[PDB]
């Protein structure tokens, strides 16, 4: 349903000099194109996170991005309509998730994917390749700014009427990250 406020603050914080944000949270919403305008679909919104590994071991816990792809077919989107699916993510995807997402959007031309991320995850391995591959397949990847954090608080958090409280350095971090993303995607 709605995210717990402390969970939001801990996970969407874009501060560079802290650690421990090991989870990925993903909030999604959907619009449909009508008369050159994106119209929000009321019911098609939610959030999810990565899953814990199963007790049997061997396999990693299912990543948030794969869960996201799992749910989309259940929305019964009309293949003749055009949709914009926006994901607000606390981290950008790992390589294998990026590859899967790229495959999905290549096969589902009715979906325009936008990924707005709090933080870039760059393992200095294949993460950059993944992001480039995902953008090549048509995804629009960007860094969350104040307005997107506030939107996510208002739309996905169990705020009980309380307003979004920005943290110190929010815009400076977003700007640094936007520059880093430009360098990855160039």
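Residue numbers count along the first chain shown, from 1.
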- Message: Tell me which stretch, 111 to 119 or 72 to 80, has the higher mean Cα B-factor listed in the entry.
- Response: 72 to 80
- Looking only at C-alpha temperature factors in the entry, 99 to 107 or 84 to 92, the higher average sits in 99 to 107
- Message: Per the entry's Cα B factor values, which of 151, 56, 159, 132 stands out as the maximum?
- Response: 56
- Task: Name the residue from 50, 124, 142, 37 with the greatest C-alpha temperature factor listed in the entry.
- Result: 37
- Which third of the chain does residue 17 land in by C-alpha B-factor: lowest, middle or highest? highest
- Taking the C-alpha B-factors as the PDB entry records them, is residue 155 in the lowest, middle or highest third of its chain? middle
- Would the CA B-factor of residue 180 place it in the lowest, middle or highest third of its chain? lowest
- Query: residue 30: which third of its chain by C-alpha temperature factor?
  - Reply: middle
